[PDB]
Protein chains: 4
Amino acid sequence: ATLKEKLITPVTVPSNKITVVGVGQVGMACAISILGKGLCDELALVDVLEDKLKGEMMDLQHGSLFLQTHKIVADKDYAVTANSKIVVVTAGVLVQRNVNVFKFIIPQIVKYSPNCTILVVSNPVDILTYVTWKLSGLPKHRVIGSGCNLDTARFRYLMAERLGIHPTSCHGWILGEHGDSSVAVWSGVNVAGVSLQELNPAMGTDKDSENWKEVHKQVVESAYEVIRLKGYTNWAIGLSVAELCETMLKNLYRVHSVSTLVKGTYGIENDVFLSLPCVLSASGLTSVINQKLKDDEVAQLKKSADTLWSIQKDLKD
Amino acid sequence: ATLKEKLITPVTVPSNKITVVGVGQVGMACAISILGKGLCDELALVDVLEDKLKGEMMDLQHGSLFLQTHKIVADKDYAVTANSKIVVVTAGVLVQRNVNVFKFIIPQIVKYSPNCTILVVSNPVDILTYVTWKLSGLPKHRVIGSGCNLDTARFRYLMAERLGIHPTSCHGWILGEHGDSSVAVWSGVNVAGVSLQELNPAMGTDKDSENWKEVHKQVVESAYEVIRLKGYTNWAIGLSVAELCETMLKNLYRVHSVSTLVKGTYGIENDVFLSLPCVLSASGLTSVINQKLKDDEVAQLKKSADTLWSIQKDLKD
Amino acid sequence: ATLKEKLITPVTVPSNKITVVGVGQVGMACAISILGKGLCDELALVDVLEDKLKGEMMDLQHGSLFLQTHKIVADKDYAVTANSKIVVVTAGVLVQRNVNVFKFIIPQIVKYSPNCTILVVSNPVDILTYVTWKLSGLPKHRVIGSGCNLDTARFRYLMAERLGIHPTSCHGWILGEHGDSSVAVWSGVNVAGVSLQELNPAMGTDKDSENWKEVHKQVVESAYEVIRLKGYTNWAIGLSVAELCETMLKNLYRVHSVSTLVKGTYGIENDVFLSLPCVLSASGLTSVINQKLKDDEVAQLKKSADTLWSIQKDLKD
Amino acid sequence: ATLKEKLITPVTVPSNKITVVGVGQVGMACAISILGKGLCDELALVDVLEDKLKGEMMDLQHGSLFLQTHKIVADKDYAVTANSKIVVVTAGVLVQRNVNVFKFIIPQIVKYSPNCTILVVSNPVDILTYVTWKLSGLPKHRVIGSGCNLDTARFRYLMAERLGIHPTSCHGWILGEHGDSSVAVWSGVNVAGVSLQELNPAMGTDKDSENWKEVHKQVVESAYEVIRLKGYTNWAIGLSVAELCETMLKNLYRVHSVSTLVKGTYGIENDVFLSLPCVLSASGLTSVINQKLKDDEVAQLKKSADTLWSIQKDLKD
């Protein structure tokens, strides 16, 4: 009178589980990229909506044949979040408004899944990373935001498109705040270990032949030019998050530039999360790479650190 | 005075190129799934919109660091479509309205890329597959629609969820029209080569203990219940298309149930594209699996074939 | 005076760790397949040789740039085995000789890594699976051998090559002992849910047009015909093991035919590991699929079960 | 009276085909890595042995269930080689002995597959790359050897292990001849865009605290220390080749350091293949990165170029 009884003779817990907070344009970009990489053994989704959340879950589950993920669960309560190895926080609705949400969600994240690494994808990323470090009570190394990871990704595609090579080949970084105030360190930009700064001194300046400073002006401009055209950017930031979840889940110790506490380095006493190249692993951020910067470059960190803390002093937690 | 000149000393054509027609909810689901599998060596996007198309391209290109795809191009003209190995047609706006678009696009698809396989993702899939076979002048085997591939995928997730196993293990099929009129062949449903029909005869009927006929009623119902909640289904049908592009590009000879001409089998003289298990390869559809069906099951094909052709007779090409 | 101090500012445990026991022809096939799939976050290797083991480790580590695995460790002591999520036992040198090795290794496996699933790859697989269940003190569901998984794989490639389709499409199984005595269940053999037994009754017999019974005679023959030509088979059984480690690590609940205790089903009171389709997950074997067999087919299990226990009664543990 | 006739109703050419020349320790490392990445839509194997070749083919084909490759063919005649997109030449048995084989094979490679890129894996790689450019009549850009690609890979694993990070993060190169005479360019070595040479000047020298010059001494030493222990290195060089076949097949334009003609740069008039960072694509080598080297470093290229041509002058083709 039953198939399951007659067919399947019995001889759980999440393993690599990842939770994505929010089903929005960018939160379902991260999920389908995380599932497209087969990182998570369970994918939990949580958002304040009752139905779309259930519709995003069912639309993914119907593709479970095509996925390496077994259990895809989504609820509006954070019970599903339990046992999450990483919690990707895309939830966002101006900081003190977002701090209304993160008071509302982040401590629910941590009640059910204490070990989780919290990756903060939502803009503003640098402050909402502090917001989520304050009120989650997780260590410094278990709460990090996406940050300039995607900026570094956009920067390498641009730096490659001008050279025609593949973005993985052209290595250059973006540090600092996520506005016009990001630091593109040209001392590290290079291809095949051939420094570009070395050969052409005109880089990192006001003017140059190709005015390569336009690249960093295009890096910060393209983010919006994608926002202009289709209304907001998702699959760029969802591929970046999936690549971070890969570093942490697969425990690779890869260097991503992510938002972490800058207190103690680059002349900053304030508790501020600013994007710095960091070695990510299963445990959290394992370390930070120490970036040798021009006095002028450390200045942009220092100043832009203050721009955050100047408006991060009035946060009401 | 130039990096590219000084750095890169010179010592093209698309290879696996895939074009996706449309940037809509489901057309960018297919792209990011195709890119997430690294199938296409070039991904061309085309849609009637000037800007979102340019925004979907740039949002993908910014993730090129994270992708195995080198060139992602998008234009509103079909010059980009040139040399496409597969053209995934998601464009859709009721058939004779869609046949306005496919007159407008499909012959532009074929002008630039004559060898392309045309995969038709758009609803109605069975008729718009005929529409695109009529006016493209491609062989029967190079024009196929998605069809019940995703229905078969939803059907296996359901058939597995009731058994708790993984959808790849539970093998069952969906043939025929894409409405309530799909044929779930229970003679093939099984797990680990254990036929479910064999053990419980009550399957495929009006009533059963678990009333397993509800599965096929849930297969056709879930498609809408995803449409209800979030407004439309994308990442299920985009993972299905990416799995079809994989069969054809990687030239696997895998059996998918896709929309192909049923003239000559199952008592149908009409030229009608109805979903049948077919062996897909690089060349196109290589063949069809011959499905042994109940008289009653061949009837649903036969009748539902007529439901198509009854309204496929008045098509104005 | 140090790069590491100046460069990397500090802000462990194995996660998915897999241990492969033995570096032999088949044990390095499993490793490079497991690493080629990026399953293990750490790969531990252990074998009785001091140097080749260190050479197999270094030859893999030099490819770490190309791998998704971070730490590849190999020692002759089983300290490295610690925290293994799965222990793949390829060690083998006739059962009571192999039981000399498994007394020597298997309890060292379990001292350092109590939670490990033990996958037994080594021939004889069915008995050395019992040998390793007796003396490891692990549950029934955490000790399983490869078994007819690869037989099922060879069987599907053959069953497909005759049909020209891709082996993933043609579903047919191999149960029982690993000699000529395997059970190819033809009641489950099919393609696209079209039973082959159904249409041609001459299958599973003495004679047929194509004498499809030759397939199962070729399945058991090819294993040796690979052993004849190059001396032994590795990358077939290493891809099979990597696909098992994937089911268990990725926690997929996929159905593989593996060696598990048959006590209680198919009329067997003896404690005997015989290859049966089983649902594998992170926890172990989750269940067994109940295979509906001809009286004659249950007989081959029953008899071949005794052939094992007849020589499994004199095992000295 | 036939399954294939009754089941499969008909509705070819290699696409991405790769040929590996030789089944030896390193030639089956490349195959199982190429198949493990699903690069080739057909894999052709060729070697001078009748049986092992047939045994290597069958051992791979039995794993076809687990592979994304459909057709794996192996013959001793080069008919199978036809339509190869890349031909990986592992065949080797001292140059003028190897030039006996490449007279015997390389023109058979090119008779059946004129468009093929020829990747030369076999030691000596730099000369046997010239040997195969002379007698194949392919362009400069379609014949390249593995070269210091794997040296660069070993160099990054070492450079990372000292830093604890993941080898993909630490970017440093190996140019030139494949002996002790390789050039480790320290001007490019760095992590997260932080030059190591910049901070510690003692690098690239006779003595340093960690004497980081030992890394390049370990890079060249480890190659042999793997050769010592297990007799020869395979899965390092097979993962490197699979990563080259990926750059070329997937048409990525990635920068690998491979053996190409150095005539015209670094003060070399001779026709000599020496390892230089090069942008690989579908067409061949697309270009070369221009490496800014110390006078002393250009010297090692210049001199080691002569060491090749001094014994490359007496080649009898």
# chains A, B, ... in the order shown; residues from 1 in each chain; ligands from 1
$ closest_atom_pairs --of "chain B" --to "chain A" --cutoff "8 Å" --atoms "only C-alpha atoms" --output "JSON lines"
{"residue": "B:1", "atom": "CA", "partner": "A:209", "partner_atom": "CA", "distance": 6.5}
{"residue": "B:2", "atom": "CA", "partner": "A:209", "partner_atom": "CA", "distance": 7.3}
{"residue": "B:3", "atom": "CA", "partner": "A:196", "partner_atom": "CA", "distance": 7.1}
{"residue": "B:4", "atom": "CA", "partner": "A:163", "partner_atom": "CA", "distance": 5.6}
{"residue": "B:7", "atom": "CA", "partner": "A:194", "partner_atom": "CA", "distance": 7.8}
{"residue": "B:8", "atom": "CA", "partner": "A:163", "partner_atom": "CA", "distance": 7.6}
{"residue": "B:32", "atom": "CA", "partner": "A:235", "partner_atom": "CA", "distance": 7.5}
{"residue": "B:33", "atom": "CA", "partner": "A:36", "partner_atom": "CA", "distance": 7.1}
{"residue": "B:36", "atom": "CA", "partner": "A:36", "partner_atom": "CA", "distance": 5.9}
{"residue": "B:37", "atom": "CA", "partner": "A:36", "partner_atom": "CA", "distance": 7.4}
{"residue": "B:51", "atom": "CA", "partner": "A:229", "partner_atom": "CA", "distance": 5.3}
{"residue": "B:52", "atom": "CA", "partner": "A:230", "partner_atom": "CA", "distance": 4.5}
{"residue": "B:53", "atom": "CA", "partner": "A:230", "partner_atom": "CA", "distance": 7.9}
{"residue": "B:54", "atom": "CA", "partner": "A:229", "partner_atom": "CA", "distance": 7.2}
{"residue": "B:55", "atom": "CA", "partner": "A:226", "partner_atom": "CA", "distance": 5.0}
{"residue": "B:56", "atom": "CA", "partner": "A:230", "partner_atom": "CA", "distance": 7.0}
{"residue": "B:58", "atom": "CA", "partner": "A:226", "partner_atom": "CA", "distance": 6.4}
{"residue": "B:59", "atom": "CA", "partner": "A:236", "partner_atom": "CA", "distance": 5.4}
{"residue": "B:60", "atom": "CA", "partner": "A:236", "partner_atom": "CA", "distance": 5.9}
{"residue": "B:61", "atom": "CA", "partner": "A:157", "partner_atom": "CA", "distance": 7.3}
{"residue": "B:62", "atom": "CA", "partner": "A:154", "partner_atom": "CA", "distance": 4.7}
{"residue": "B:63", "atom": "CA", "partner": "A:236", "partner_atom": "CA", "distance": 4.6}
{"residue": "B:64", "atom": "CA", "partner": "A:157", "partner_atom": "CA", "distance": 6.5}
{"residue": "B:65", "atom": "CA", "partner": "A:167", "partner_atom": "CA", "distance": 5.0}
{"residue": "B:66", "atom": "CA", "partner": "A:239", "partner_atom": "CA", "distance": 6.3}
{"residue": "B:70", "atom": "CA", "partner": "A:166", "partner_atom": "CA", "distance": 6.7}
{"residue": "B:150", "atom": "CA", "partner": "A:63", "partner_atom": "CA", "distance": 7.8}
{"residue": "B:153", "atom": "CA", "partner": "A:65", "partner_atom": "CA", "distance": 5.8}
{"residue": "B:154", "atom": "CA", "partner": "A:62", "partner_atom": "CA", "distance": 4.7}
{"residue": "B:156", "atom": "CA", "partner": "A:65", "partner_atom": "CA", "distance": 7.1}
{"residue": "B:157", "atom": "CA", "partner": "A:62", "partner_atom": "CA", "distance": 6.3}
{"residue": "B:162", "atom": "CA", "partner": "A:4", "partner_atom": "CA", "distance": 7.4}
{"residue": "B:163", "atom": "CA", "partner": "A:4", "partner_atom": "CA", "distance": 5.6}
{"residue": "B:166", "atom": "CA", "partner": "A:70", "partner_atom": "CA", "distance": 6.8}
{"residue": "B:167", "atom": "CA", "partner": "A:65", "partner_atom": "CA", "distance": 5.1}
{"residue": "B:168", "atom": "CA", "partner": "A:65", "partner_atom": "CA", "distance": 5.7}
{"residue": "B:194", "atom": "CA", "partner": "A:7", "partner_atom": "CA", "distance": 7.8}
{"residue": "B:196", "atom": "CA", "partner": "A:3", "partner_atom": "CA", "distance": 7.1}
{"residue": "B:199", "atom": "CA", "partner": "A:3", "partner_atom": "CA", "distance": 7.9}
{"residue": "B:200", "atom": "CA", "partner": "A:3", "partner_atom": "CA", "distance": 7.3}
{"residue": "B:209", "atom": "CA", "partner": "A:1", "partner_atom": "CA", "distance": 6.5}
{"residue": "B:210", "atom": "CA", "partner": "A:2", "partner_atom": "CA", "distance": 7.4}
{"residue": "B:222", "atom": "CA", "partner": "A:58", "partner_atom": "CA", "distance": 7.9}
{"residue": "B:225", "atom": "CA", "partner": "A:55", "partner_atom": "CA", "distance": 7.4}
{"residue": "B:226", "atom": "CA", "partner": "A:55", "partner_atom": "CA", "distance": 5.0}
{"residue": "B:227", "atom": "CA", "partner": "A:55", "partner_atom": "CA", "distance": 7.7}
{"residue": "B:228", "atom": "CA", "partner": "A:55", "partner_atom": "CA", "distance": 7.9}
{"residue": "B:229", "atom": "CA", "partner": "A:55", "partner_atom": "CA", "distance": 5.1}
{"residue": "B:230", "atom": "CA", "partner": "A:52", "partner_atom": "CA", "distance": 4.5}
{"residue": "B:233", "atom": "CA", "partner": "A:59", "partner_atom": "CA", "distance": 6.0}
{"residue": "B:234", "atom": "CA", "partner": "A:59", "partner_atom": "CA", "distance": 7.1}
{"residue": "B:235", "atom": "CA", "partner": "A:60", "partner_atom": "CA", "distance": 6.1}
{"residue": "B:236", "atom": "CA", "partner": "A:63", "partner_atom": "CA", "distance": 4.6}
{"residue": "B:237", "atom": "CA", "partner": "A:63", "partner_atom": "CA", "distance": 7.6}
{"residue": "B:239", "atom": "CA", "partner": "A:63", "partner_atom": "CA", "distance": 6.2}
{"residue": "B:240", "atom": "CA", "partner": "A:66", "partner_atom": "CA", "distance": 7.1}
{"residue": "B:243", "atom": "CA", "partner": "A:66", "partner_atom": "CA", "distance": 7.2}
$ select_by_dssp --residues "region 9-254 of chain D" --states "alpha helix (DSSP H)" --output "PyMOL selection string"
chain D and resi 27-36+51-61+95-112+125-134+149-161+196-199+213-230+235-249
$ atom_distance --atom1 "CA of residue 124 (chain A)" --atom2 "CA of residue 277 (chain A)"
18.5 Å
$ residues_around --residues "region 257-263 of chain A" --least-positions-apart "4" --cutoff "8 Å" --atoms "only C-alpha atoms" --output "NGL selection string"
:A and (125-126 or 129 or 140-141 or 143-149 or 152 or 173-175 or 267-278)
$ select_by_dssp --residues "region 44-140 of chain A" --states "strand (DSSP E or B)" --output "short mmCIF file (atom, residue, chain, number, x, y, z; two decimals) with C-alpha atoms, in the first residue's frame"
data_model
loop_
_atom_site.label_atom_id
_atom_site.label_comp_id
_atom_site.auth_asym_id
_atom_site.auth_seq_id
_atom_site.Cartn_x
_atom_site.Cartn_y
_atom_site.Cartn_z
CA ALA A 44 18.45 27.79 2.91
CA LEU A 45 16.66 30.91 1.72
CA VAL A 46 15.09 33.46 4.05
CA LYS A 71 17.92 20.05 -0.14
CA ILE A 72 16.84 23.57 -1.06
CA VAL A 73 14.71 24.97 1.76
CA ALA A 74 13.19 28.42 2.18
CA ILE A 86 28.03 30.54 5.65
CA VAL A 87 25.19 33.05 5.80
CA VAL A 88 25.08 35.36 2.81
CA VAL A 89 23.21 38.49 3.85
CA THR A 117 30.47 32.98 8.58
CA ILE A 118 28.40 36.03 7.71
CA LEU A 119 29.05 37.41 4.25
CA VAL A 120 27.39 40.79 3.79
#
$ atom_distance --atom1 "CA of residue 18 (chain B)" --atom2 "CA of residue 113 (chain D)"
25.3 Å
$ residues_around --residues "residue 112 (chain C)" --least-positions-apart "5" --cutoff "10 Å" --atoms "only C-alpha atoms" --output "JSON, numbers by chain"
{"C": [78, 79, 80, 81, 82, 83, 84, 107]}
$ write_last_selection --atoms "N, CA, C and O atoms" --output "PDB file, in the first residue's frame"
ATOM      1  N   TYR C  78      48.892   6.882  10.289  1.00  0.00           N
ATOM      2  CA  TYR C  78      47.500   7.243  10.117  1.00  0.00           C
ATOM      3  C   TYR C  78      47.107   8.486  10.892  1.00  0.00           C
ATOM      4  O   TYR C  78      45.913   8.763  11.017  1.00  0.00           O
ATOM      5  N   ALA C  79      48.063   9.208  11.470  1.00  0.00           N
ATOM      6  CA  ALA C  79      47.733  10.522  12.005  1.00  0.00           C
ATOM      7  C   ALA C  79      47.096  11.409  10.945  1.00  0.00           C
ATOM      8  O   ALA C  79      46.158  12.153  11.247  1.00  0.00           O
ATOM      9  N   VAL C  80      47.586  11.345   9.703  1.00  0.00           N
ATOM     10  CA  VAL C  80      47.030  12.164   8.634  1.00  0.00           C
ATOM     11  C   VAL C  80      45.575  11.813   8.393  1.00  0.00           C
ATOM     12  O   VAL C  80      44.761  12.690   8.105  1.00  0.00           O
ATOM     13  N   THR C  81      45.219  10.543   8.531  1.00  0.00           N
ATOM     14  CA  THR C  81      43.854  10.084   8.340  1.00  0.00           C
ATOM     15  C   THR C  81      42.851  10.805   9.225  1.00  0.00           C
ATOM     16  O   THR C  81      41.667  10.823   8.891  1.00  0.00           O
ATOM     17  N   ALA C  82      43.298  11.450  10.295  1.00  0.00           N
ATOM     18  CA  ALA C  82      42.385  12.027  11.269  1.00  0.00           C
ATOM     19  C   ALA C  82      41.376  12.957  10.613  1.00  0.00           C
ATOM     20  O   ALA C  82      41.692  13.666   9.660  1.00  0.00           O
ATOM     21  N   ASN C  83      40.146  12.924  11.126  1.00  0.00           N
ATOM     22  CA  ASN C  83      39.046  13.771  10.684  1.00  0.00           C
ATOM     23  C   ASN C  83      38.586  13.460   9.263  1.00  0.00           C
ATOM     24  O   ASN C  83      38.011  14.319   8.598  1.00  0.00           O
ATOM     25  N   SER C  84      38.797  12.240   8.784  1.00  0.00           N
ATOM     26  CA  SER C  84      38.384  11.897   7.433  1.00  0.00           C
ATOM     27  C   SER C  84      36.881  11.709   7.367  1.00  0.00           C
ATOM     28  O   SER C  84      36.297  11.007   8.191  1.00  0.00           O
ATOM     29  N   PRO C 107      41.791  -0.846  11.755  1.00  0.00           N
ATOM     30  CA  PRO C 107      41.638  -0.268  13.098  1.00  0.00           C
ATOM     31  C   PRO C 107      42.476   0.977  13.314  1.00  0.00           C
ATOM     32  O   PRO C 107      42.192   1.751  14.236  1.00  0.00           O
TER      33      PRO C 107
END
$ residues_around --residues "residue 281 (chain C)" --least-positions-apart "6" --cutoff "7 Å" --atoms "only C-alpha atoms" --output "list in words"
residues 247, 248, 251, 252 and 253 of chain C
$ residues_around --residues "residue 136 (chain B)" --least-positions-apart "6" --cutoff "9 Å" --atoms "only C-alpha atoms" --output "compact mmCIF listing (two decimals) with C-alpha atoms, in the first residue's frame"
# COMPACT_ATOMS: atom_id res chain seq x y z
CA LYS B 103 8.86 36.20 -38.45
CA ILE B 106 14.01 33.65 -36.62
CA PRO B 107 15.00 34.49 -40.23
CA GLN B 108 17.55 36.96 -38.84
CA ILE B 109 18.86 34.14 -36.63
CA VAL B 110 19.36 31.97 -39.71
CA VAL B 143 14.95 23.02 -34.70
$ closest_residue --among "C:313, C:97, C:76, C:294" --to "residue 47 (chain C)" --atoms "only C-alpha atoms"
C:76
